[PDB]
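Rule-based calculations on the coordinates, nothing more; no lab input. Note: ideal-geometry Cβ built from the backbone for every residue, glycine included; neighbour counts use all protein chains shown.
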Number of protein chains: 2
Amino acid sequence: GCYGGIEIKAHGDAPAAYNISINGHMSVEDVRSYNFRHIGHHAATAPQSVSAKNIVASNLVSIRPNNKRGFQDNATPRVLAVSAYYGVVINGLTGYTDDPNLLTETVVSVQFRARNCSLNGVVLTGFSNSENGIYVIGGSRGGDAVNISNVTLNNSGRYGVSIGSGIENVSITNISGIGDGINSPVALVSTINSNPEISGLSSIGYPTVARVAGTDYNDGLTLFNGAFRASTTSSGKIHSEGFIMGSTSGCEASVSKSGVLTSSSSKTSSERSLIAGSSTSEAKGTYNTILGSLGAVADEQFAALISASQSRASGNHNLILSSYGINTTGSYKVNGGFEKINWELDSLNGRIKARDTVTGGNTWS
Amino acid sequence: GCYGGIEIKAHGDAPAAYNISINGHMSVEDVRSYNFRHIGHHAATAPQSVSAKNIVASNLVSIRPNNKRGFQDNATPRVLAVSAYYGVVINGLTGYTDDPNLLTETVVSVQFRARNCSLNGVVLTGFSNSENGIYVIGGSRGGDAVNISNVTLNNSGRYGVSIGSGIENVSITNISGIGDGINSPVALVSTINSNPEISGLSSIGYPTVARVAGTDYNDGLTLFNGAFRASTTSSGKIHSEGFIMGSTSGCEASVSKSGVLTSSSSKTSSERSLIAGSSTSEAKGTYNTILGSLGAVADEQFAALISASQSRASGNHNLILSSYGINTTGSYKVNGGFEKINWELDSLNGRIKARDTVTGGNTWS
């Protein structure tokens, strides 16, 4: 029956409380069950608090948060409100109400310069007329992060987990929600930024499961950021807009939009490129394709090789097929050969050339 | 020396206990150390409990669970048994025994309409003659989830972590196990459903590490569900059977079996398709391939382009190679050109055509 159940803070012109541990608490009909803040250090244009740091809070219970008594000029209720603080770790939180009209804005807020906060093991039940279950707004700062995992929402929040502006680093994993009893539910998960890391969403009764910068995903989502590598035990450099998969050692994909699949000792520094099913191959131009090849090099714009060995395509839009030991240089040509160029399809001039013969009336027996 | 150490429940015709917090407990030689249930709400054909919700339980100790005394008609022992309840969050659980014959069925069970449960930070030691370490059976319900993470098993369970029927949403991460001292171990992890989310498995002494719907994985596994995106900071729509990787903005893979790699502003709505190493390209047919191309469109079944610019392949099995500025329409043709079609390999009729000349006796110097 208080305003704050546990408040951790400071007034302006004072240092905030720091290195505080909550090892279990029960808050019954408070306004803001857990309320961590530092007055004077919330505005985007204020200095960051140099003192608001380190809160570890666990096994937190919040029951029927409300403001029937009118505390703090009818401040809106919260199960949890974090602001200003760096390094808040919340584990095992249950918020429960039996009256949907008591709390109507946000059940859990992480906002107002709060940074590097982590929520894990959360059950929110009964808040069926609140706009937001969890609502996070960032600050927007280097080295920031917000981690939300293992959350389940039972008719709690038109937006179950909402991420607002100013947040570049978010991890949202294993969120589930029931929205059937909610007054006009919108989405289990919603994000303003286009690059959240997301996996393990499950819901019923929300019209949209995930809304990521305006795009809906209702059938499951896995999103990861940065350089990506899978089923490859070691590799050289991978650009943040690149990847290596299903490969053995010695591969690299060192520029924007370059990638290696199913290969050994193969490297691409070619912007817009793919190497697949190959060994000891290298793409160094742009728009390069190397497939099913051995010791193949593509080193000019749009150069490519398919089923080629010990060969180099160095022409503009120059493709080598089904070859061994040839180096080609022509523009808009498809070539094949064996130790020397033996045929050409010349797209530039409309010529077809064989080293030996060109014949019709053939059969294959 | 009790039947239940802590029991949280209700009898039939009563509401179950709700919003209960266990902030550390030690259970010594009980039958079921932690036993959460709601009689009358366990059968598949019973109503779901409307009251069994919210349990957060942490730092739980269970020692030598057994039924030497014969409680409850020789009910089988458990470190933890969850049934009926929604939203059970378990963090930091250690179960320990020095007598393998006391508990022989399942160490931890999540079954009988239990839903949206989460287990994290579990150590089970000494249960070397039990069939299952953790055994989960689902209900099978929309918006359900079971999350199991950071578990280590020391000679505990022929099946370390087993997922049974009725579970569509499972996350199993960071499970490790020693099976050397187990009486006939089978698998560290086992799954009935074909789509578990799994990563971070490590074992010794289990003949199989992971068995996923009957298929064994003994050398590491990472499985994710839904639309997939990596090393791409933003994108348009990705179908749940699609992906975008290593790409920049403006890409989409909007239908079953469509994908974009290493590209910019390129979109596929083509069922069974791939765009790689390309820009401003679009696949709209079926069985479409676009590689290393710029402003390329494939809009008919089996149409494809490789090393092509400002070109459209609109024929049935029509492939364009090494070209600029051509639109082709023929069936079973390979084409090349530069502002006009300049050559054709006609697989349908066995014709080869050049705009200019076709010659043999050529050399490339």
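Residue by residue through the range A:316-336, note down the ones that are in a strand (DSSP E or B) and surrounded by fewer than 24 Cβ atoms within 10 Å (Cβ to Cβ). Selection gives A:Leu321, A:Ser322, A:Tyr324, A:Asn327, A:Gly336. Do we find a residue being polar (S, T, N, Q) and in contact with an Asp or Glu (Cβ under 9 Å, 6 or more places away or on another chain) anywhere in the range A:277-295? Within the range A:277-295 (the criterion being polar (S, T, N, Q) and in contact with an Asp or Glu (Cβ under 9 Å, 6 or more places away or on another chain)), the answer is yes, since at least one residue qualifies. With respect to (1) at the interface with chain B (Cβ under 8 Å from one of its Cβ atoms); (2) of a type in the set (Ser, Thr, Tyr); (3) closer than 26 Å to B:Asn225 by Cα, the lone exception for A:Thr248 is condition (1). A:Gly246 meets all of the listed conditions (1) of a type outside the set (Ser, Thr, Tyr); (2) within 28 Å of A:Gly166 (Cα to Cα); (3) exposed (fewer than 15 other Cβ atoms within 10 Å of the Cβ) but one, namely (2).
Out of the residues in the range B:111-127 that are surrounded by 23 or more Cβ atoms within 10 Å (Cβ to Cβ) and away from every other protein chain (no Cβ under 14 Å), which is nearest to the chain's Cα centre (by Cα)? The qualifying residue nearest to the chain's Cα centre (by Cα) is B:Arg113.
Give the residue that is farthest from A:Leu80 (Cα to Cα), with candidates limited to residues of the range A:46-63 that are within 14 Å of chain B (Cβ to nearest Cβ) and aliphatic (A, V, I, L, M). My answer is A:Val56. Please find, within the range B:258-267, the residue that is nearest to the other protein chains (Cβ to nearest Cβ) out of those that are part of a loop (DSSP other than H, G, I, E, B) and in contact with an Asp or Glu (Cβ under 9 Å, 6 or more places away or on another chain). If we take residues in the range B:258-267 being part of a loop (DSSP other than H, G, I, E, B) and in contact with an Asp or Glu (Cβ under 9 Å, 6 or more places away or on another chain), then B:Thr262 is nearest to the other protein chains (Cβ to nearest Cβ). Condition check for B:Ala298 on (1) closer than 20 Å to A:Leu274 by Cβ; (2) within 11 Å of chain A (Cβ to nearest Cβ): one failure, at (2).
Out of everything in the range A:147-186 that is aliphatic (A, V, I, L, M) and within 25 Å of B:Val50 (Cβ to Cβ), what residue ends up being nearest to the other protein chains (Cβ to nearest Cβ)? Result: A:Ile178. Under the condition of being on the phi > 0 side of the Ramachandran plot and polar (S, T, N, Q), the residues counted in the range A:56-105 number 3.
Within the range A:268-283, the set of residues being part of a loop (DSSP other than H, G, I, E, B) and farther than 17 Å from B:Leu294 by Cα comprises A:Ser269, A:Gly277, A:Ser278, A:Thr280, A:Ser281. Do we have A:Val255 as outside any strand (DSSP E or B), facing another protein chain (nearest Cβ under 7 Å) and among the β-branched types (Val, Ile, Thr) here? When the stated conditions are applied, A:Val255 does not pass them. Selection of the range A:298-315 for residues being among the charged types (D, E, K, R) and either under 37 Å from the mean Cα position of the chain (by Cα) or part of a loop (DSSP other than H, G, I, E, B) (or both) yields A:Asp299, A:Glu300.
Name the residues in the range B:319-348 that are farther than 15 Å from B:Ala303 by Cα and of a type in the set (A, V, I, L, M, F, W, C), would you? The answer is B:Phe338, B:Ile341, B:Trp343.
Checking each residue in the range A:193-207 for being under 21 Å from the mean Cα position of the chain (by Cα) and surrounded by fewer than 19 Cβ atoms within 10 Å (Cβ to Cβ) picks out A:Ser194, A:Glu197.
Taking A:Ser231 as the residue in question, decide whether it is surrounded by fewer than 20 Cβ atoms within 10 Å (Cβ to Cβ), over 26 Å from B:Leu223 (Cβ atoms) and within 20 Å of the chain's Cα centre (by Cα). The answer is no for A:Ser231. Taking the range B:18-64 as the range and being among the charged types (D, E, K, R) and more than 16 Å from B:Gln111 (Cβ to Cβ) as the test, the residues that pass are B:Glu29, B:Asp30, B:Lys53, B:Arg64.
I'm checking my understanding of the structure. Among residues of the range A:203-245 that are more than 12 Å from chain B (Cβ to nearest Cβ) and in a loop (DSSP other than H, G, I, E, B), which one is farthest from A:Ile275 (Cα to Cα)? Here the residue is A:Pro207.
The residue that is nearest to A:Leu221 (Cα to Cα), among those in the range B:142-182 that are surrounded by fewer than 22 Cβ atoms within 10 Å (Cβ to Cβ) and of a type in the set (D, E, K, R), is B:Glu168. Only residues that are of a type in the set (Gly, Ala, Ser) and over 14 Å from B:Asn132 (Cα atoms) were counted in the range B:175-209, giving 8. Among residues of the range B:344-365 that are of a type in the set (A, V, I, L, M), those with a Cβ under 6 angstrom from a residue that is not in a strand (DSSP E or B), sequence gap 6+ or separate chain, pair up as B:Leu348/B:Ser331; B:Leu348/B:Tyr332; B:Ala354/A:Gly350; B:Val358/A:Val358.
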